[PDB]
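An overview of the molecular structure
The residues making up each chain are set out below.
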Amino acid sequence: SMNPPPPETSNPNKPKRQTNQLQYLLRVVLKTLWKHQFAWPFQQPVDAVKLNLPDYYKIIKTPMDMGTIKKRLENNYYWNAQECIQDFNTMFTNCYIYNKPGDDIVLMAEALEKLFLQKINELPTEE
Ligand SMILES: COc1ccc(S(=O)(=O)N2CCCCCC2)cc1NC(=O)c1[nH]c(C)c2c1CCCCC2=O
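A brief report on the enclosed structure follows.

**With respect to the overall build of the chain**
Scanning the chain for helices and strands turns up 5 helices and 0 strands. For the chain, the α and β elements follow one another from N to C terminus as α-α-α-α-α.

This is the structure in structure tokens:
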């Protein structure tokens, strides 16, 4: 079983803008999680081929990861902050669907998610 193509990170047909909320999402929220001890399972799409996980994309139909989110922000793929927040939520949801209580990755996801929520609770004012 092959990996699916990774999520689109650029769309030359979508209008683009910079906002303070998107600045905060890339340079505060994403950066805080990206530099964290537990970031590494979440920095790129799950490679079901190299890791020999042929059921991963049978179970996870909306994959998402912080490498994709980072590239989406850097390519101005998001217009609304909620599009980016939704991607982080999807990434965490996938981890809790595929993995079980007691798995190390679940503990890593919980710690990253706590930090994500703390940072998003300080999202700046909308324009
Ligand atoms: C044993 O699992 C790994 C071992 C090493 C690395 S790695 O060293 O980072 N690396 C180099 C080797 C080839 C893959 C590309 C990066 C990653 C992973 N695995 C993840 O990054 C990852 N993430 C999630 C969200 C998952 C998983 C897989 C396990 C649990 C299921 C899951 O939900």
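**Details of the site of the ligand**
In the vicinity of the ligand, the contacting residues are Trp40, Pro41, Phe42, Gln44, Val46, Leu51, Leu53, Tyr56, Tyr98, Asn99 and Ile105. The separation between a nitrogen atom of the ligand and a polar main-chain atom of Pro41 is 2.8 Å. Here an oxygen atom of the ligand sits 3.1 Å away from a polar atom, N or O, in the side chain of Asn99. Protein chains bury 62% of the 660 Å² of accessible surface belonging to the ligand in isolation. Grouping the amino acids of the shell around the ligand by side-chain chemistry returns 9 nonpolar, 2 polar and no charged.

**Focus on the nonpolar core**
Counting residues in each nonpolar core, the largest one holds 28 residues, and the members touching the most others are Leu25, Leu33, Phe42, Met66, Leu73, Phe88 and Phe116. If you list the elements that add at least two residues to this core, you get α1 (20–34), α3 (66–74), α4 (81–98) and α5 (104–120). Beyond its immediate stretch of four places on either side in the chain, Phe116 contacts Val29, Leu33, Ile85, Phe88, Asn89 and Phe92. Core analysis: the second largest hydrophobic core is formed by 5 residues, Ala48, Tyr57, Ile60 and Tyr98 among them.

**Quick notes on the packing of aromatic side chains**
The tally for this structure, following the rule as stated, stands at 5 aromatic pairs. A centroid spacing of 4.8 Å and a plane angle of 85 degrees characterise the contact between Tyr56 and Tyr57, whose relative ring orientation is edge-to-face. Here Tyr56 and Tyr57 have matching classes, each one buried. Through a chain of ring-to-ring contacts, three or more aromatic side chains come together here, namely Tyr56, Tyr57 and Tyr98.

**Comments concerning the environment of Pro6**
For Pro6, the position within the fold is in the segment before α1. Classification of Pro6 by relative accessible area gives exposed; the value is 56%. Separated by 76 residues in the primary sequence, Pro6 and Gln82 place their C-alpha atoms 21 Å from one another.

Parameters and conventions
Residues numbered from 1 in each chain as written, not as in the entry; some residues may be left out. Heavy atoms only, no water. Residues with missing side-chain atoms left out of burial classes, pairs and counts. Helix = DSSP H or I, 4+ residues; strand = E, 2+ residues; numbered from the N terminus. Near = heavy atom within 4 Å. Polar contact = N/O pair within 3.5 Å; in protein donor to acceptor, adjacent residues only side chain to side chain. Areas by Shrake-Rupley, 256 points an atom, 1.4 Å probe, with all protein chains shown as cover. Nonpolar A, V, L, I, M, F, W, Y, C, P; charged D, E, K, R; others polar. Core = buried A, V, L, I, M, F, W, Y, C linked by side-chain atoms within 4.5 Å. Buried < 20%, exposed > 50% of the residue type's maximum accessible area, 1.4 Å probe, protein only. Contact = heavy atoms within 4.5 Å. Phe/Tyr/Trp six-rings, centres within 6.5 Å; stacked < 30°, edge-to-face > 60°.

All quantities given are derived from atomic positions and should not be read as evidence of function.
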